Amino acid sequence: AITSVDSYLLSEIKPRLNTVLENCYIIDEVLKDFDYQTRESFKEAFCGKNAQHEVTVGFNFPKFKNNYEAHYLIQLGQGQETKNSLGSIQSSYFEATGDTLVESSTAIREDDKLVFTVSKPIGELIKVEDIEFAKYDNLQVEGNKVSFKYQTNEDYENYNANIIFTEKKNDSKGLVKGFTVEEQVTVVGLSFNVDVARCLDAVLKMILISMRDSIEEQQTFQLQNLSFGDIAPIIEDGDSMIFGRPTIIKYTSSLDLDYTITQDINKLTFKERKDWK
Amino acid sequence: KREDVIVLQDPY
Amino acid sequence: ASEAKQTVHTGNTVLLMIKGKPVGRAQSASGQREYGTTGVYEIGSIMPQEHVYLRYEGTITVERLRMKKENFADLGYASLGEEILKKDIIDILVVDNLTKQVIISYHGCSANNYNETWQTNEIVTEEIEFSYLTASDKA
Amino acid sequence: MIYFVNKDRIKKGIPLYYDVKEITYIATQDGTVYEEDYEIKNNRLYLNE
Amino acid sequence: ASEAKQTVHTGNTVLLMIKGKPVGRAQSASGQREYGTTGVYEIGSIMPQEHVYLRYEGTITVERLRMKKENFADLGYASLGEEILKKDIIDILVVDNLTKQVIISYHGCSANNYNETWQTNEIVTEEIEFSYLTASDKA
Amino acid sequence: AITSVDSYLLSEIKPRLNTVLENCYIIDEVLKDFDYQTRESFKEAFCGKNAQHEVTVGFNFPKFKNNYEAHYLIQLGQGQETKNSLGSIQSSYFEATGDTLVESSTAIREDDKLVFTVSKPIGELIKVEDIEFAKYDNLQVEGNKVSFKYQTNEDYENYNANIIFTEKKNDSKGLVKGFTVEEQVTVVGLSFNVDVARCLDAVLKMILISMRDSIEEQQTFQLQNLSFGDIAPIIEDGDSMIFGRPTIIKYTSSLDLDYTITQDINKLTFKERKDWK
Amino acid sequence: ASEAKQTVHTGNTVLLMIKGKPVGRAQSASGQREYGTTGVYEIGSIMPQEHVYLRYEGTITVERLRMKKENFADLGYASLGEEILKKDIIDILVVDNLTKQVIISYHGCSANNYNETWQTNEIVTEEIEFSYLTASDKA
Amino acid sequence: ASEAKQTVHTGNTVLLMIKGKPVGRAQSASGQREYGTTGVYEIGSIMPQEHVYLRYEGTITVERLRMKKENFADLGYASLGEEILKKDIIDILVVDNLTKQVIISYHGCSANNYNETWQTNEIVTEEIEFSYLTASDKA
Amino acid sequence: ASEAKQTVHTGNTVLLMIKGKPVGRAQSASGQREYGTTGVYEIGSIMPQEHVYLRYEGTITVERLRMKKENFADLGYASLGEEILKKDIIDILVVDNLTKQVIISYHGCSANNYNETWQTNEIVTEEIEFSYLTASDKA
Amino acid sequence: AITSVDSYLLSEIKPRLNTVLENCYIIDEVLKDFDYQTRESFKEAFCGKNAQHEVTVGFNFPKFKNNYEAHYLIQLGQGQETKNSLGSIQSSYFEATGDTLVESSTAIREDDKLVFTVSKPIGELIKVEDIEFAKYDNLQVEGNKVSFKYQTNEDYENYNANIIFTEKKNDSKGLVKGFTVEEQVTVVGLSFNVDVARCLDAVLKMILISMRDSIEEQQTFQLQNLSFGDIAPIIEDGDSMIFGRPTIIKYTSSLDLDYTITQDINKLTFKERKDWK
Amino acid sequence: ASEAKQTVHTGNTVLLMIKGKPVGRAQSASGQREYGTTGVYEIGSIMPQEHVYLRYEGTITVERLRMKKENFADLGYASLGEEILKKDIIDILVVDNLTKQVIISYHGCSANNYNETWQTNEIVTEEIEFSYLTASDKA
């Protein structure tokens, strides 16, 4: 697909940041190496459900004033194409497949089959969690349902699973045409307190490490590489300075389009014609 | 210089 | 402006096709060919008198990024174990991307070796080498 | 000032950037916000859920 | 956005597992494989008539940073001395990190050589090479 | 873990600097190559318990005035990730292990065992100083105690040892996920006297050499590499100039998180089911 | 100013011609030549007494960008398959671009090997090597 | 912060000791090891049936800056002339710098070759290689 | 200031002369020489007892930019074809540029091989190698 | 040791500069390539015992005015660590050894030995000049004296020698821990006369060549490497310009500390203890 | 400050002397040495039982800028022609520059080969290699 690393990072960082900040022992583990007073002051101010201060995330160049006490500024950077395929063919498909998804589901009995229901039509099934079927189990997929023989499996009549699958758009042939790009985004934790900037740096590094395992950047946005700048005053001529430490996140990812092929051939036919010269 | 960056309550 | 009187093939101009499917993310193809040309010498001069062709040989080597699906192993063209004994020969076509017109055909390919490299800062790479019975082009 | 309002900010109140002495105008996509539907305490803004 | 229709394995996507433990700080794995493909020739043409498979061979080579604990020597997979004679064959699995699903299995690995390099501006490196009886994948 | 090289350096330098400055013959050895008058003036001013002047250490950008006669300014620099593991698996553990520790202890008799008591639960014992036990000695560890058979060892009933060990957090499985970073910190000895700046440079180099043997940067913060700047005026438009010579300390270290695994399997079970086709 | 008393040939100064057509987009030509010079030794001194010429050998190697038309395969000078057996020897001329005057002739060329490399960030490259019976220049 | 659960050896973490003296200014140590692993084949399949260990071999190579005193020649471990015939085997220990605990022992070392390089913009370098009878670690 | 007590030869200080003409645009000359020094060993010691000289050998290799006139082929010193059989041995002199005084003479040179490289961004290069019967200097 | 290249250079250059300038034929040889009038004017002004002008040497940033007619300004530059030892062990010693020294001495008879007396305790004897002793000569060293058998050597009863040796600090074991550094110092000959600057450049190059043979930079400060800048106005807005040509002197040297080891072991003892199981 | 307890030799610290004259402008010296260490094996174990020294070998190689006077050829140590047969063995000493004290002696040197390279942007280089009977140091 076409991709937007900045909007991915914003969407991914915001919930993760919230869920760490609402959970005191995570911060208590992340900041174990800092000075005791720095740790306790940060945990008192920003952390837990009762926290009176708050962190914020957003893109650069807003028209309004931000929470300069603690704010992650996201800042889309450079990139370049790095590797190309022969014919620019990144892949080919017989059935137009959408995004990868993971969904929780439960088995139910139906007509002496077990079935799992999924919210969308299954374009491909990658994994039913914790199950490997035998041929006897007569595994079949149909529409948005996975179906599974009941006879030997009655103990599992309400078994709970996670389905990893991917959507289908439509039944069509085509070529995925495109290339790989290596692209940079900068993130900086702004604070007018230097110890807050240093803690926001630690929290962001933890978040990015945790992010490396996510399906989003396992399937796309691969090879996350991190670089770190000096701590410096970002703005120097207010009533106080604003400090930050930049980090650069670099990703390798595919830019591509679905070139559908309308041509289809369903019968050869043969004829002999005679040359009398 | 004006107090924009860090903003504190009025004294009363 | 687009001129035919001069044009060269490039990585973007050429499809690689096997069994009527294009090979995605192929990084290179290398075709090599040898005829065993042997020179004839005799008493009476140091010069070669003649050259003779004695033994044809050739290989096609393909490097590819290891996809999560439709690998050479998943496609069945490569072999990891004894099932190499059950793979029939396959024909590899190099095809013009614009005209869909065959540039060169490698006929009767048979695998010599198969490699995979797993490395920590890189995409995984497949590489495979086939011996082939002959090559041809048609126009 | 402008703020996006979310469940946390409803429950906890928006901490305002400025030390507001008084409000001269307050509005949302649905129109003006009436004084029974907002309150300021301790430089926090509380809104009707 | 995350798409399956194109995806490649990468150093971060793949676990290496031995005896059900992941190998920490592994830097590379290199799998190599050979079938002994021999061409058949005869009086009457220079062309190859056929190719035959005659001898399977393969190796798995692993480079690793030498940890202070759970080295290949401490894990027992490597051997420094005569105790190599008392190590049974082991199976090395390369596994998808997301799905925990086996990508390729190397069966019956047996150590060829073992190296350690101690150097003054670098982390210490282990490297080991195994011959194996076969490889396979299951899907 | 997540780590903070700047706070490590501050915590490590301050006590070492104090303990050198309170010890005259150490300075007399460090400064043996300097001019006699430079050496004696420095030793008179800053050195020994009676020293009327003092050196100081702290981070950059304080809001107050510093001791510009002699002050080590610590200044967190750049870094970049350098080496990654396959699957980002830095290690794996069956029991969550804390920091490495070294503690002095004495043997005592208890119920015809010798025991050493340690302040914290022993997650792993690395070394009991100057002892290698035989199997006959029936070495066992339990909780925060190491225990050792009395019968043949009665002469050692009050033996004094150092225990090198590491804490345990809890009994849980997981993967240490992370990567290696190479990171820089700058340190500069500010003085308005150039000969004091040169002596502070010498003392700092001695301190860093001594630091290389510490457990902190043996286990973490490995491969200390030093670079040195020119001596120059840091500030030039007071009633006097302030001079300093920067040094850059570069460290290689691991950033990682404990990804605990809750899944555990404690029995396989087998069943045969019959296919009548 | 243009002087003859010193001048060197350069890539722009020299045409390559085969069968009276210039070879477009030729990237290099390498001519190599060997006489088998053997030294004579005898009992009574360690010194060589004489040198003798025993076996002439030489090759011409040409690298070229693979054009979409008039390849060595399309021109017929190269061979992909058994039709190598039906190619007569050809003479390759290297010719001064200004004067159209023959610099060196390679006579009786016969193909040893033929390569094509297909790669993703590059123009496709032909390379061919011929054994030849003799070389000469005329003035 | 200092963690044991992950740690790697580094040039600063490891002492090299010979006869209970540390070797100053050692620049590298390289330990190599080989078991002669030979594959068993038979009529009836192309697959290896088994692997066997047949011949252990290993070497330790050390590079060092040539000190003005306590060289390998001055220490007596190296030999310049016929006195190599009078040097008994020596054991080389690689030892943890913190714990003073033996990481690996090379037993029965015997010198293969000894080099010195004198060069005009560099410090002089010793290098020595030993064959050894076995290696071991103890824990 | 100009001192004799230290001086080294340089590319500008030295003429190369053949048959009393200087060779223009010569890029390098490489002279190599070997005596076949063989060590004598016997039962009773591992030491060499003696060294003996058994076979003298040497070559002179010259690289040159291919001029449009007075090439080695045009000068007649090189040979492209069978006329190598009609070239008498020649003596190659390396001569001090200032004093016109012979530095070293290579006597009885006889051509081993001759190369020309035609390339698109470069000046054309000749290279030639001769075996010679002896070398000498006179002072 | 810790070292100070700038103070070494100042201490070494000043006496050498004086001893060349008091010796006319040395300058007459050094300046043989210059124009006759330049040579004679320099030799008249600065050279010989009657010289009315004088050259001077000192560090940069003095608070007073200098002799801008001719002044060597010494200016400590950059450096970086270049080569490390395994375990950082630069060496090891059984007896704490000081600096290397060379001293003139004369033999004397004492109790039918010849002895040479040295000003300090001999930690190691490297060379007695122009003597190689046989075993028959019964060479022995004791304290600060070297002693040598009289019987066959009576002709040498007043022989004059130079002793090359090194001090001992104390009888203790330890490890020399440290690393190698490559470090730069700049030197510039300031003069308001350009021909004086050019002559000061020539004299400085001669001095550094002569310095390469000194024990100081044979044992330490090895691999002297010289670079030269353009001649340019250093100061441009007086009543006249001040010119100079910089030279950069680069040295490779060891930074290290004596880590003494107090642990000593003087007897193993063996015991057998019986296991009745 | 100058310390003996640590010191390394460097290009400036070491003189090279032949027949009591220092060799000017020597660029490198490389000394190499080999003992023929052979491992003993037997039926009953894969381990080496013993190592034995069987054949001593060593060479000294010297690179030097070709001076206009006092070359190895002018000094007579090198040989260009048959006069190699009339050169007696020579001893090469490597000597401490400060103390004038012999660091290592190479005894019975005998020339294997001698090279000169004449090149257009460089100083001319001599290089020579000797086999020697033994090496020693004295202290």
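In this document, chain identifiers A, B, C, D, E, F, G, H, I, J and K correspond to the written order of the chains, with residue numbering beginning at 1 in each.
The criterion applied here is as follows: a contact is a pair of C-beta atoms (placed from the backbone, for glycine too) under 8 Å apart; a residue touches a chain by one contact, two chains touch by 3 or more.
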* Structure fact -> A correct list of chains touching both chain B and chain H reads none
* Select the interface copy of A-E from among C-F, A-G or J-K: the correct pair shares over half of its contact pairs, counted by residue number. => J-K
* Given a C-alpha superposition of chain F onto chain J, how large is the rotation in degrees, taken in steps of 5? -> 60
* Interface with more contacting C-beta pairs, comparing C-F to A-E -> A-E
* Structure fact -> Distance between the CA centroids of chain E and chain I (whole Å) is 52
* **Rounded Å distance, chain H centre to chain K centre (Cα mean)** => 26
* To do: For chain G and chain K, let me know how many angstrom lie between their CA-based centres, rounded off.
  => 45
* Measure off the straight-line distance from the CA centroid of chain B to the CA centroid of chain E, and report it in whole Å. => 66
* Structure fact -> Contacts with two or more other chains occur in chain A at residues 32-33, 83-86, 90-91, 176, 212-213, 222-223
* Going through chain D residue by residue, note those that touch at least 2 other chains and give them in order. => 17
* Asked: Which residues belonging to chain I are in contact with no fewer than two other chains?
  -> 35, 46-47, 53, 56, 82, 85, 134
* **Contact pairs between chains, per stated definition** => A-B, A-C, A-D, A-E, A-F, A-G, B-D, C-E, C-F, C-G, C-H, C-I, E-F, E-G, E-H, E-J, E-K, F-H, F-J, G-I, G-K, H-I, H-J, H-K, I-K, J-K
* So in the complex, which bits of chain A are touching chain G? -> 83-86
* Where on chain F is chain H touching in the complex? -> 1, 3, 8, 90-91, 93, 97-100, 124, 126-127, 164, 166, 176, 178, 212-213, 215-216, 218-220, 222-224, 254, 256
* Complex contact set, residues of chain K against chain G -> 82, 85
* **For the chain G and chain K complex, residues of the former touching the latter** => 45-47
* chain F to chain J touching residues, read off their complex -> 29-35, 136, 152, 194, 198, 202, 205-206, 209-210, 212-213, 225-231, 233, 241, 243, 245
